[PDB]
Protein chains: 12
Amino acid sequence: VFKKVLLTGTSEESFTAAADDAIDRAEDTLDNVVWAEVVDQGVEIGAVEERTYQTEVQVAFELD
Amino acid sequence: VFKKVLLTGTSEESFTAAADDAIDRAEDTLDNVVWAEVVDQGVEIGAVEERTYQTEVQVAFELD
Amino acid sequence: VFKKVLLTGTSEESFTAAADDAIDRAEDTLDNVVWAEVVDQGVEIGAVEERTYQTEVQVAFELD
Amino acid sequence: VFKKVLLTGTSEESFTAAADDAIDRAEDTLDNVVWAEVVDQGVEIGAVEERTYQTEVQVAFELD
Amino acid sequence: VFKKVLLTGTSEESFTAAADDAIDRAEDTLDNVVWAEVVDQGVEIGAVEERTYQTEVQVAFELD
Amino acid sequence: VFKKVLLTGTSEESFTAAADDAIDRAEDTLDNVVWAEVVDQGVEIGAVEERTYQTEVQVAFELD
Amino acid sequence: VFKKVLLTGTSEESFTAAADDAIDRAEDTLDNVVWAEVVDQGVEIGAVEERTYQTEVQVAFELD
Amino acid sequence: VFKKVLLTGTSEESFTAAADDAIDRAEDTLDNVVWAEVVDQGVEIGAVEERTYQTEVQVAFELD
Amino acid sequence: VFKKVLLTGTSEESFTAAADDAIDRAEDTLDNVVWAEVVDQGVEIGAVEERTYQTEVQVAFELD
Amino acid sequence: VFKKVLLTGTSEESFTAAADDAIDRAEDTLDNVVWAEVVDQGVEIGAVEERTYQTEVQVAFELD
Amino acid sequence: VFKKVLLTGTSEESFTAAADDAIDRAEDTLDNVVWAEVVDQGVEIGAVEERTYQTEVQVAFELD
Amino acid sequence: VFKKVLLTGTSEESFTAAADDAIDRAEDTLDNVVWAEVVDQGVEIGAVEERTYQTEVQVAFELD
Ligand SMILES: [Cl-]
Ligand SMILES: [Cl-]
Ligand SMILES: [Cl-]
Ligand SMILES: [Cl-]
Ligand SMILES: [Mg+2]
Ligand SMILES: [Mg+2]
Ligand SMILES: [Mg+2]
Ligand SMILES: [Mg+2]
Ligand SMILES: [Mg+2]
Ligand SMILES: [Mg+2]
Ligand SMILES: [Mg+2]
Ligand SMILES: [Mg+2]
Ligand SMILES: [Mg+2]
Ligand SMILES: [Mg+2]
Ligand SMILES: [Mg+2]
Ligand SMILES: [Mg+2]
Ligand SMILES: [Mg+2]
Ligand SMILES: [Mg+2]
Ligand SMILES: [Mg+2]
Ligand SMILES: [Mg+2]
Ligand SMILES: [Mg+2]
Ligand SMILES: [Mg+2]
Ligand SMILES: [Mg+2]
Ligand SMILES: [Mg+2]
Ligand SMILES: [Mg+2]
Ligand SMILES: [Mg+2]
Ligand SMILES: [Mg+2]
Ligand SMILES: [Mg+2]
Ligand code: NA
Ligand code: NA
Ligand code: NA
Ligand code: NA
C-alpha cells in the first residue's frame with residue numbers, strides 16, 4: 001500500500017529545486033519514499049525578498 | 001516547505017461556515033496554518049436532521 | 001440506485017441560499033433527496049435588477 | 001463580443017461577499033458588466049489579522 | 001469534520017480488490033472510516049512478477 | 001438524438017457489478033439504452049453493513 | 001430555478017447543426033429553453049453510412 | 001512574451017463564425033494577434049430573437 | 001481492441017472541416033476507423049496567410 | 001524514454017478484464033511494456049449481444 | 001482585489017527562465033505583482049532556430 | 001495534419017532536461033517535429049540510484 005503526502009517545496013533557484021526541497025523534507029521523516037508527482041508550480045513575488053519558485057508534489061511512500 | 005491536509009468541514013449555516021469548521025479543526029492541532037483552498041462543496045440532506053453544508057478544503061501549514 | 005438532476009438555484013442573498021433554492025425545488029417534486037454536489041457558481045448582473053447569485057448543484061435522490 | 005477579466009475579491013465575512021468585492025471593482029471601472037463565474041475560493045490565514053475569504057471570478061462585460 | 005488520506009492499494013486480482021487493499025489498511029490504523037473515492041487506477045507490469053492492479057483512493061474518516 | 005441520465009449503482013461485490021446495477025435500472029424504465037460512461041467510483045463504508053461499491057454512470061438512450 | 005438535460009444531437013453536416021439537432025429536440029418537449037452549453041463533440045464513422053457529427057449539450061430550461 | 005485575452009464572440013450562423021467574431025474584435029484593437037484557443041462554446045436561446053452561437057476563445061498576441 | 005491516434009486537422013473553412021481533414025488522413029492509412037473525439041480547437045492567425053481553423057481529434061480504429 | 005499508446009480493451013466480464021484485454025494486445029506487439037493507466041471506462045449495450053465493458057488505458061513501454 | 005494577466009514567457013534555457021521572462025514583463029508595466037501560477041509549459045521546435053521553452057503563467061497583481 | 005506521440009523523457013538533472021530527452025528521441029525517428037506540450041512531471045526515487053526527473057510531453061510532428 002502506498003500513501004501520498006501533499007507538500008509544497010520552495011527554491012530561489014528553479015522549479016526542479018523546489019520539487020527537490022519537498023522531496024528532501026519527505027525523505028527526512030518518512031521511510032521508503034518511492035516517487036513524487038508534480039501537481040502545481042508557482043512563484044511567490046510579493047511575500048519574499050527574491051522570487052521564490054514553488055513546486056507542489058504528491059510524494060508517495062510505501063507503507064510497512 | 002508547506003504541507004496540506006484535506007479536511008471536510010460541516011455547518012448547518014453556510015458554505016463559508018463549513019470552511020471555517022475545517023480550518024478551526026486544523027488550527028486546533030497544527031501550528032502555522034497559512035491558507036486553505038476550497039476543493040468541493042456539497043449538502044447532506046439524507047443522513048442529517050437539518051441540511052448540512054459541507055466544504056472540503058486543502059489546509060496548508062508551514063513545516064518547521 | 002441514486003439518480004441526479006442538474007439544477008441551478010438562484011438567490012439575491014448568497015451562494016448558500018442559491019444552493020438551497022435548487023434543493024428546495026428538488027424536494028418539492030422528488031422523494032428521497034439525499035445529497036447535493038455543487039458544480040458551479042456564478043452571478044447574474046446584466047439580466048436582473050439586483051445581483052443574483054446562482055449555484056448549480058447535482059441533486060441526488062434514491063430511486064424506489 | 002464579451003471580454004472577461006480574472007479578479008480575486010476578498011472579504012472578512014464570506015465567500016459571497018468576496019465575490020461581490022471583485023464584482024464591485026469591475027463595475028467601478030468597466031461598463032456593461034453582465035455576469036461573473038466563480039473559478040476558485042480560498043482563505044488567507046497567515047498573511048492577515050482575521051481570516052480573509054477570497055473568491056476568484058471571471059467577470060464578463062460587453063464590449064462596445 | 002472528515003479528513004482524507006490518499007492511499008494506493010494493490011491486488012493481483014482486480015481493481016475492486018486493490019481498492020479494498022487500501023481501505024483495509026486505513027481501517028487497520030484509523031477509527032471511523034466512512035467512505036472512499038476512487039481517484040486513479042493503473043496496472044504495474046514491469047516492476048512485478050504478475051500484473052498488479054492499483055487503485056488509488058481518498059479514504060475519508062470522521063475526526064473525534 | 002441521445003439523452004443521458006446520471007445514475008449511481010451499488011453492489012456489495014464489485015465496481016463492475018455496481019455499474020450493472022445502474023444500467024439494469026435504466027433498462028427497466030427506458031427504451032433503447034445504448035451505452036454507459038463511468039464518471040465516478042466510490043465505496044460506502046460508514047452508512048452500510050458490508051462495504052458497498054458505487055459506480056456512477058451516464059447512461060445514454062436513443063430518443064424516439 | 002433552471003434544470004439541465006444532457007442531450008447528444010447528430011448531423012451529417014456540421015458540429016453546429018448537431019448542436020441544433022439536440023436543441024430542437026429539447027424545444028419540442030420543454031418550455032422555456034434558455035441556453036445550451038457544449039460539453040463534447042465527436043464523429044461517428046463506423047456505425048453510419050456518411051460521417052455523422054455529434055455535439056453533446058447541456059440544455060438549460062427554466063422551471064415553472 | 002505573449003499575452004492572452006479571453007473573449008466570447010457571437011454569431012447567428014455557426015460556432016466557427018462566433019470564434020471569428022471574437023478574433024476580429026481582437027484584431028481591431030491589438031497588434032500581432034497570433035493564435036486563438038477555443039475554451040467553451042454555447043448557444044443563447046432565451047435572451048435573443050434567433051439562436052446565437054457563442055464561442056469563447058483565448059486570443060494570444062505578441063507583446064512589443 | 002481499439003487504438004487511438006491523436007491528430008490535428010486544419011482547414012481555412014471551419015472547425016468541422018478541420019476535424020474532417022484529420023479523419024481523412026487517418027482513413028488514408030488505417031483500416032477500420034470507427035470514431036473520432038474532439039479534444040481541442042484553435043485558430044492559427046500568425047503563421048498562415050488566411051486564418052486556419054484547427055481541430056484536434058482522437059481517432060479510434062479497431063485493431064485486427 | 002517511455003512511449004504510451006492509447007488502447008481500449010473490451011470484455012464481457014469486467015472492467016479489470018477489459019483493461020487486461022488492452023494490455024495483452026500491447027504485449028503481443030511491443031517489447032518492454034511497463035505500466036498502464038486507466039483513462040476511461042464504459043459499457044457498450046446497443047452495438048453488442050451481451051453488455052461489453054470497455055476500459056481505455058494508456059499503455060507505457062520503454063523505448064530501446 | 002487582485003487581478004491576473006495570462007502571459008506566456010519564452011527562454012532558450014529552461015521552463016523556470018521562461019516563467020521569469022513573463023514575470024519580468026509583468027513587473028515592467030504593472031505595480032504590485034504578487035504571485036504567478038504556472039498554467040502550461042511547452043517547447044517550440046519548428047518556428048525557431050534553437051528550442052524555445054515556453055511557460056504560461058497567470059500573473060497576479062494587487063489593484064489600487 | 002499534425003500527429004502527436006506521447007513520450008516520457010527522463011533526466012538526473014532537471015524537468016527541462018527530461019523534456020529535452022523526450023524531444024531528442026522524437027527527433028531521432030521523426031521528421032518535422034514542430035512543438036511539444038508538457039502534460040505531466042514526476043520524480044522517480046525508488047526504482048533508481050539518483051532521483052530521476054520525468055517530464056511527459058505530447059510531441060507534435062507534421063505529417064507528409
Ligand atoms: Cl490530496
Ligand atoms: Cl450531468
Ligand atoms: Cl484567463
Ligand atoms: Cl493521448
Ligand atoms: Mg540564488
Ligand atoms: Mg497551488
Ligand atoms: Mg441553524
Ligand atoms: Mg466531494
Ligand atoms: Mg435582499
Ligand atoms: Mg455554469
Ligand atoms: Mg467582521
Ligand atoms: Mg487560486
Ligand atoms: Mg492470483
Ligand atoms: Mg496515478
Ligand atoms: Mg457478498
Ligand atoms: Mg461522486
Ligand atoms: Mg449531406
Ligand atoms: Mg462523449
Ligand atoms: Mg442568419
Ligand atoms: Mg462558458
Ligand atoms: Mg476559403
Ligand atoms: Mg491544443
Ligand atoms: Mg460471460
Ligand atoms: Mg471514452
Ligand atoms: Mg543558450
Ligand atoms: Mg498552451
Ligand atoms: Mg548529475
Ligand atoms: Mg504521469
Ligand atoms: Na492529501
Ligand atoms: Na445530467
Ligand atoms: Na484571463
Ligand atoms: Na496518444
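Below, all heavy atoms of this structure are taken into account, side chains as well, without hydrogens, waters or symmetry copies. Just so we're on the same page: letters track the sequence lines, and every chain starts at 1.
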Atom group of D/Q58 that falls short of 4.5 Å from chain C, counting heavy atoms: neither
Indicate whether any N or O donor in one side chain lies under 3.5 Å from an N or O acceptor in the other, for C/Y53 and C/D21. no
Check whether C/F15 gets within reach of chain D through its side chain, its backbone, both or neither, counting any heavy atom under 4.5 Å. both
Enter the distance from D/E50:CD to D/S11:OG here, rounded to the nearest 0.5 Å. 8.5 Å
I'd like to check D/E56 versus D/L7 (side-chain heavy atoms, cut-off strictly below 4.5 Å). Are they in contact? no
Residues in residues 30-48 of chain C that sit under 4.5 Å from chain D, counting heavy atoms only: C/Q41, C/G42, C/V43, C/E44, C/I45, C/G46
Taking atom CG of C/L63 and atom NZ of C/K3, what is their separation to the nearest 0.5 Å? 7.0 Å
Is chain D contacted by the side chain of C/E13, its backbone, both, or neither, given a heavy-atom distance below 4.5 Å? backbone
D/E27 backbone acceptor or donor facing D/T29 side chain under 3.5 Å: no
For the pair C/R25 and C/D20, find out whether any cationic side-chain nitrogen is under 4.0 Å from an anionic carboxylate oxygen. no
Which pair of heavy atoms, one from C/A22 and one from C/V57, lies closest together, and at what distance? CB-CG2, 3.4 Å
